[PDB]
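Structure first, then comments.
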Amino acid sequence: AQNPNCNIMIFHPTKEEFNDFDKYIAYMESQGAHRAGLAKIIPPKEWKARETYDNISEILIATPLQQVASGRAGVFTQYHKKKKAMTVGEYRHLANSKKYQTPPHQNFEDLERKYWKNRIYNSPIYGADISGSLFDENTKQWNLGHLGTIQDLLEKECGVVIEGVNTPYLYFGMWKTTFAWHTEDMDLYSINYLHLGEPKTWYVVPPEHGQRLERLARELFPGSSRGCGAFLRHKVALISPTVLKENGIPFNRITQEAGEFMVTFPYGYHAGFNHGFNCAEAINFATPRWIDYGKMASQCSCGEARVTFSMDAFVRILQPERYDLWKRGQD
Ligand SMILES: O=C(O)CNC(=O)C(=O)O
Ligand SMILES: [Mg+2]
Ligand code: NI
Ligand SMILES: [Zn+2]
């Protein structure tokens with residue numbers, strides 16, 4: 001069995017190997033990359049996502065989210081307080097302000113220390129889930145706006161024809177902005193490209209051990225657990241690496257830098273934070289191996305998780321028993 005310790009793998013495809021997305025994902029899985037839950041892909045040196053970022057300040061962040069934490073330094077929840085719209089120009093200025101800027105630090109490890117020590121005492125502002133793309137339409141390889149759609153994958157594999165579309169989202173981050181422990185909707189893959197700015201640190205639990213994380217989360221957030229049988233779908237809970245080590249939960253960590261892709265694999269729980277002002281683009285995708293994960297994915301039916309139009313059809317076709325109850329939550 002390849003990669004039995006479920007380490008995060010890093011790949012360096014040639015320009016030739018960068019032509020066929022699906023084939024390279026299948027290659028990475030042949031080498032066991034999926035066992036980690038997360039892989040890094042460093043694009044060939046000849047590739048570029050777009051010519052410059054010189055004009056990005058005019059993007060609107062219609063609903064910036066202030067991420068307010070509650071709990072203790074290693075075990076907390078975050079709630080998203082909606083703020084007034086601001087441009088990326090305005091946001092970048094805010095990220096760089098004394099109140100919000102990255103502190104002096106020695107290296108990534110010192111900054112990670114400072115994050116886990118001090119995150120709860122600040123409320124950074126995140127521009128998340130902004131429909132759009134920063135890839136140039138002339139970028140033919142690994143252009144997150146030109147992937148084959150999940151609906152097309154389901155049609156090709158299963159013959160069914162469903163409504164829905166699949167488009168990318170932009171994330172504008174600052175120091176301490178945080179993504180809580182989650183898997184993707186319907187335990188899909190994700191791919192994330194860091195277009196610009198400061199790094200993003202990731203933590204991941206191997207898919208084969210995801211239930212160990214869920215059991216810990218139920219113990220650590222016991223009222224949330226009683227409210228909903230899939231409350232990690234709410235995307236609000238944080239658990240530090242120190243806490244995970246204390247409870248014997250297998251995980252790995254890696255820092256993504258500007259110009260690099262990360263892939264998360266089905267049912268790979270992940271969480272992380274941004275080091276400073278940055279812009280990422282991400283999208284969900286499917287392969288044939290996903291289908292079985294889609295059929296088994298947990299669902300939030302308490303009504304908190306509230307998700308896209310396109311998820312309806314996935315639940316309807318892959319989880320018909322759950323469909324009625326899940327849609328009562330969605331309505
Ligand atoms: O970049 C972020 O804030 C969060 N991204 C993801 O969870 C992902 O790409 O799957
Ligand atoms: Mg602009
Ligand atoms: Ni994700
Ligand atoms: Zn719920």
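In the structure tokens, chains take the letters A, B, ... in the order shown, each chain's residues start at 1, and ligands count up from 1 in the order shown.
Every protein, DNA or RNA residue with an atom at most 7 Å from residue 85 (chain A), where only C-alpha atoms count and chain neighbours fewer than 2 positions away do not, is listed here: residues 61, 62, 63, 64 and 83 of chain A.
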Selected residues written out with N, CA and C atoms, as a PDB file, in the first residue's frame:
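Wrote it out as part_27.pdb, contents follow:
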ATOM      1  N   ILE A  61     -15.735  42.790  -1.886  1.00  0.00           N
ATOM      2  CA  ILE A  61     -16.080  41.894  -0.857  1.00  0.00           C
ATOM      3  C   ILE A  61     -17.407  42.389  -0.293  1.00  0.00           C
ATOM      4  N   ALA A  62     -18.475  41.791  -0.779  1.00  0.00           N
ATOM      5  CA  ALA A  62     -19.809  42.323  -0.429  1.00  0.00           C
ATOM      6  C   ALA A  62     -20.158  42.063   1.036  1.00  0.00           C
ATOM      7  N   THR A  63     -19.687  40.975   1.610  1.00  0.00           N
ATOM      8  CA  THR A  63     -19.989  40.604   3.000  1.00  0.00           C
ATOM      9  C   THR A  63     -18.702  40.130   3.728  1.00  0.00           C
ATOM     10  N   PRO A  64     -17.809  41.051   4.038  1.00  0.00           N
ATOM     11  CA  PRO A  64     -16.665  40.620   4.892  1.00  0.00           C
ATOM     12  C   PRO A  64     -17.108  40.000   6.189  1.00  0.00           C
ATOM     13  N   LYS A  83     -19.945  42.301   8.157  1.00  0.00           N
ATOM     14  CA  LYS A  83     -19.547  43.681   8.155  1.00  0.00           C
ATOM     15  C   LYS A  83     -19.971  44.311   6.858  1.00  0.00           C
TER      16      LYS A  83
END
Could I get the residues of region 60-149 of chain A with an atom no further than 12 Å from an atom of region 34-48 of chain A, each paired with its nearest atom pair and that distance in Å to one decimal, using only C-alpha atoms, sorted by chain and residue number, as CSV?
residue,atom,partner,partner_atom,distance
A:134,CA,A:48,CA,11.4
A:135,CA,A:48,CA,8.9
A:136,CA,A:48,CA,9.0
A:137,CA,A:48,CA,11.7
A:138,CA,A:48,CA,10.1
A:139,CA,A:48,CA,7.4
A:140,CA,A:47,CA,9.6
A:141,CA,A:47,CA,8.1
A:142,CA,A:43,CA,8.9
A:143,CA,A:48,CA,10.0
Item to check | Close residues to ligand 1 using only C-alpha atoms and all ligand atoms, limit 6 Å, as an NGL selection string | outcome: :A and (179 or 190-192 or 282)
Compute the set of protein, DNA and RNA residues whose minimum atom distance to ligand 3 is at most 9 Å, using only C-alpha atoms and all ligand atoms, and state it as a PDB file with N, CA, C and O atoms, in the first residue's frame.
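The resulting selection.pdb:
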ATOM      1  N   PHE A 179      -9.822  28.981   8.854  1.00  0.00           N
ATOM      2  CA  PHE A 179     -10.805  28.040   8.347  1.00  0.00           C
ATOM      3  C   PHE A 179     -10.919  26.893   9.346  1.00  0.00           C
ATOM      4  O   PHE A 179      -9.955  26.249   9.750  1.00  0.00           O
ATOM      5  N   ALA A 180     -12.161  26.675   9.806  1.00  0.00           N
ATOM      6  CA  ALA A 180     -12.425  25.706  10.808  1.00  0.00           C
ATOM      7  C   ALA A 180     -12.349  24.288  10.249  1.00  0.00           C
ATOM      8  O   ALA A 180     -12.344  24.081   9.019  1.00  0.00           O
ATOM      9  N   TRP A 181     -12.312  23.316  11.163  1.00  0.00           N
ATOM     10  CA  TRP A 181     -12.255  21.870  10.802  1.00  0.00           C
ATOM     11  C   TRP A 181     -13.468  21.468  10.010  1.00  0.00           C
ATOM     12  O   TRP A 181     -14.578  21.624  10.484  1.00  0.00           O
ATOM     13  N   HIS A 182     -13.209  20.992   8.796  1.00  0.00           N
ATOM     14  CA  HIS A 182     -14.334  20.533   7.945  1.00  0.00           C
ATOM     15  C   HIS A 182     -13.827  19.565   6.876  1.00  0.00           C
ATOM     16  O   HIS A 182     -12.632  19.568   6.527  1.00  0.00           O
ATOM     17  N   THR A 183     -14.780  18.790   6.323  1.00  0.00           N
ATOM     18  CA  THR A 183     -14.594  18.204   4.988  1.00  0.00           C
ATOM     19  C   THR A 183     -15.439  19.032   3.987  1.00  0.00           C
ATOM     20  O   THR A 183     -16.256  19.900   4.379  1.00  0.00           O
ATOM     21  N   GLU A 184     -15.273  18.744   2.729  1.00  0.00           N
ATOM     22  CA  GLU A 184     -16.065  19.464   1.739  1.00  0.00           C
ATOM     23  C   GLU A 184     -17.493  19.006   1.707  1.00  0.00           C
ATOM     24  O   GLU A 184     -17.830  17.927   2.182  1.00  0.00           O
ATOM     25  N   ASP A 185     -18.343  19.869   1.106  1.00  0.00           N
ATOM     26  CA  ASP A 185     -19.749  19.476   0.882  1.00  0.00           C
ATOM     27  C   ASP A 185     -19.715  18.118   0.152  1.00  0.00           C
ATOM     28  O   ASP A 185     -18.904  17.928  -0.791  1.00  0.00           O
ATOM     29  N   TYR A 189     -13.654  16.508  -3.357  1.00  0.00           N
ATOM     30  CA  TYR A 189     -12.309  17.060  -3.328  1.00  0.00           C
ATOM     31  C   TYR A 189     -12.427  18.564  -3.326  1.00  0.00           C
ATOM     32  O   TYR A 189     -13.442  19.156  -3.743  1.00  0.00           O
ATOM     33  N   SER A 190     -11.330  19.263  -2.945  1.00  0.00           N
ATOM     34  CA  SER A 190     -11.184  20.661  -3.283  1.00  0.00           C
ATOM     35  C   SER A 190      -9.812  20.880  -3.855  1.00  0.00           C
ATOM     36  O   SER A 190      -8.881  20.112  -3.554  1.00  0.00           O
ATOM     37  N   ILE A 191      -9.686  21.918  -4.662  1.00  0.00           N
ATOM     38  CA  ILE A 191      -8.400  22.391  -5.079  1.00  0.00           C
ATOM     39  C   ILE A 191      -8.303  23.876  -4.812  1.00  0.00           C
ATOM     40  O   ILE A 191      -9.281  24.604  -5.017  1.00  0.00           O
ATOM     41  N   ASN A 192      -7.190  24.312  -4.289  1.00  0.00           N
ATOM     42  CA  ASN A 192      -7.012  25.654  -3.815  1.00  0.00           C
ATOM     43  C   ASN A 192      -5.713  26.178  -4.371  1.00  0.00           C
ATOM     44  O   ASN A 192      -4.648  25.542  -4.135  1.00  0.00           O
ATOM     45  N   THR A 264      -7.381  18.891  -1.452  1.00  0.00           N
ATOM     46  CA  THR A 264      -7.917  18.105  -0.405  1.00  0.00           C
ATOM     47  C   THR A 264      -8.746  16.975  -0.997  1.00  0.00           C
ATOM     48  O   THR A 264      -9.368  17.102  -2.046  1.00  0.00           O
ATOM     49  N   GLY A 268     -11.189  14.191   3.868  1.00  0.00           N
ATOM     50  CA  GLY A 268      -9.988  14.711   4.531  1.00  0.00           C
ATOM     51  C   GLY A 268     -10.304  16.003   5.292  1.00  0.00           C
ATOM     52  O   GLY A 268     -10.432  17.076   4.707  1.00  0.00           O
ATOM     53  N   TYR A 269     -10.507  15.850   6.578  1.00  0.00           N
ATOM     54  CA  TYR A 269     -10.792  17.001   7.460  1.00  0.00           C
ATOM     55  C   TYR A 269      -9.586  17.935   7.412  1.00  0.00           C
ATOM     56  O   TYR A 269      -8.433  17.473   7.533  1.00  0.00           O
ATOM     57  N   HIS A 270      -9.837  19.229   7.269  1.00  0.00           N
ATOM     58  CA  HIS A 270      -8.773  20.189   7.228  1.00  0.00           C
ATOM     59  C   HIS A 270      -9.182  21.466   7.945  1.00  0.00           C
ATOM     60  O   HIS A 270     -10.379  21.762   8.037  1.00  0.00           O
ATOM     61  N   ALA A 271      -8.185  22.281   8.370  1.00  0.00           N
ATOM     62  CA  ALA A 271      -8.387  23.546   9.097  1.00  0.00           C
ATOM     63  C   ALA A 271      -7.091  24.294   8.866  1.00  0.00           C
ATOM     64  O   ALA A 271      -6.062  23.730   8.400  1.00  0.00           O
ATOM     65  N   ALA A 282     -10.529  28.687  -4.929  1.00  0.00           N
ATOM     66  CA  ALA A 282     -10.749  27.292  -4.699  1.00  0.00           C
ATOM     67  C   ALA A 282     -12.046  26.862  -5.343  1.00  0.00           C
ATOM     68  O   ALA A 282     -12.983  27.671  -5.522  1.00  0.00           O
ATOM     69  N   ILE A 283     -12.136  25.543  -5.608  1.00  0.00           N
ATOM     70  CA  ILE A 283     -13.315  24.973  -6.185  1.00  0.00           C
ATOM     71  C   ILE A 283     -13.387  23.514  -5.797  1.00  0.00           C
ATOM     72  O   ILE A 283     -12.336  22.843  -5.594  1.00  0.00           O
ATOM     73  N   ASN A 284     -14.610  23.011  -5.643  1.00  0.00           N
ATOM     74  CA  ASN A 284     -14.749  21.561  -5.452  1.00  0.00           C
ATOM     75  C   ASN A 284     -14.720  20.823  -6.787  1.00  0.00           C
ATOM     76  O   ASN A 284     -15.109  21.357  -7.847  1.00  0.00           O
TER      77      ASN A 284
END
List as JSON lines every residue of chain A that is in contact with ligand 2, defined as an atom at most 9 Å from one of its atoms (using only C-alpha atoms and all ligand atoms), together with the nearest atom pair and the distance in Å rounded to one decimal, sorted by chain and then rising number.
{"residue": "A:53", "atom": "CA", "partner": "ligand 2", "partner_atom_place_in_ligand_line": "1 (Mg)", "distance": 8.6}
{"residue": "A:54", "atom": "CA", "partner": "ligand 2", "partner_atom_place_in_ligand_line": "1 (Mg)", "distance": 8.0}
{"residue": "A:55", "atom": "CA", "partner": "ligand 2", "partner_atom_place_in_ligand_line": "1 (Mg)", "distance": 4.4}
{"residue": "A:56", "atom": "CA", "partner": "ligand 2", "partner_atom_place_in_ligand_line": "1 (Mg)", "distance": 3.6}
{"residue": "A:57", "atom": "CA", "partner": "ligand 2", "partner_atom_place_in_ligand_line": "1 (Mg)", "distance": 4.6}
{"residue": "A:58", "atom": "CA", "partner": "ligand 2", "partner_atom_place_in_ligand_line": "1 (Mg)", "distance": 3.2}
{"residue": "A:59", "atom": "CA", "partner": "ligand 2", "partner_atom_place_in_ligand_line": "1 (Mg)", "distance": 4.9}
{"residue": "A:60", "atom": "CA", "partner": "ligand 2", "partner_atom_place_in_ligand_line": "1 (Mg)", "distance": 8.4}
{"residue": "A:87", "atom": "CA", "partner": "ligand 2", "partner_atom_place_in_ligand_line": "1 (Mg)", "distance": 8.7}
{"residue": "A:88", "atom": "CA", "partner": "ligand 2", "partner_atom_place_in_ligand_line": "1 (Mg)", "distance": 8.0}
{"residue": "A:89", "atom": "CA", "partner": "ligand 2", "partner_atom_place_in_ligand_line": "1 (Mg)", "distance": 8.6}
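Minimum distance to residue 102 (chain A) across A:174, A:217, A:315, A:120 (counting only C-alpha atoms) occurs at A:174.
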Item to check | Exercise answer, 9 Å around ligand 4 with only C-alpha atoms and all ligand atoms, as a list in words | outcome: residues 224, 225, 227, 228, 229, 230, 231, 232, 233, 234, 299, 300, 301, 302, 303, 304, 305, 306 and 329 of chain A
Checklist entry - Quick one: distance from CA of residue 163 (chain A) to CA of residue 128 (chain A) in Å, one decimal? => result 24.8 Å
Checklist entry - Near residue 175 (chain A), within 12 Å and counting only C-alpha atoms, which residues show up once chain neighbours fewer than 5 positions away are dropped, as a ChimeraX atom specification? => result /A:67,92,94-104,111-112,114-115,118-119,122-126,197-201,272-278
Next on the checklist: Taking only region 24-130 of chain A into account, list the residues labelled strand (DSSP E) by DSSP (computed from the backbone), as a ChimeraX atom specification.
Outcome noted: /A:38-41,60-61,65-72,75-82,86-87,125-130
Item to check | Between CA of residue 223 (chain A) and CA of residue 74 (chain A) - distance in Å to one decimal | outcome: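 Calculated distance between CA of residue 74 (chain A) and CA of residue 223 (chain A) is 17.7 Å.
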Next on the checklist: When you look at residue 316 (chain A) with a cut-off of 12 Å (counting only C-alpha atoms), what residues show up, excluding the ones that are within fewer than 2 positions of it in the same chain? I need them as a PyMOL selection string.
Outcome noted: chain A and resi 160-163+186+294-295+309-314+318-327
Item to check | Surrounding residues of residue 28 (chain A) excluding itself and chain neighbours under 4 positions, 9 Å, only C-alpha atoms, as a VMD selection string | outcome: chain A and resid 9 11 23 to 24 32 to 34 39
Checklist entry - What's the 12 Å shell around residue 289 (chain A), counting only C-alpha atoms, without same-chain residues fewer than 4 positions away, as a ChimeraX atom specification? => result /A:22,25-26,29-30,34,153-154,157,187-189,265-267,285,293-295
Just write the chosen residues, C-alpha atoms, as a PDB file, in the first residue's frame.
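So again_22.pdb came out as:
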ATOM      1  CA  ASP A  22      -7.670  14.213 -14.248  1.00  0.00           C
ATOM      2  CA  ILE A  25      -4.889  13.522  -9.939  1.00  0.00           C
ATOM      3  CA  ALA A  26      -5.115   9.763 -10.696  1.00  0.00           C
ATOM      4  CA  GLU A  29      -3.508   8.774  -5.925  1.00  0.00           C
ATOM      5  CA  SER A  30      -1.448   5.896  -7.467  1.00  0.00           C
ATOM      6  CA  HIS A  34      -4.986  10.723  -0.936  1.00  0.00           C
ATOM      7  CA  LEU A 153     -18.599  13.604 -13.579  1.00  0.00           C
ATOM      8  CA  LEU A 154     -21.838  12.182 -12.091  1.00  0.00           C
ATOM      9  CA  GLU A 157     -19.998   7.741 -14.108  1.00  0.00           C
ATOM     10  CA  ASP A 187     -17.089  14.933   0.952  1.00  0.00           C
ATOM     11  CA  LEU A 188     -15.885  16.240  -2.410  1.00  0.00           C
ATOM     12  CA  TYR A 189     -12.309  17.060  -3.328  1.00  0.00           C
ATOM     13  CA  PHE A 265      -9.243  14.572  -0.876  1.00  0.00           C
ATOM     14  CA  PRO A 266     -12.620  13.133  -0.027  1.00  0.00           C
ATOM     15  CA  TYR A 267     -13.333  13.038   3.680  1.00  0.00           C
ATOM     16  CA  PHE A 285     -14.329  18.692  -7.903  1.00  0.00           C
ATOM     17  CA  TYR A 293     -17.689   9.047  -0.455  1.00  0.00           C
ATOM     18  CA  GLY A 294     -20.549  11.103  -1.756  1.00  0.00           C
ATOM     19  CA  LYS A 295     -22.975   8.312  -1.008  1.00  0.00           C
TER      20      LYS A 295
END
Checklist entry - From the list A:14, A:133, A:107, A:151, which residue is nearest residue 50 (chain A) when using only C-alpha atoms? => result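 Of all the options, A:133 lies closest to residue 50 (chain A).
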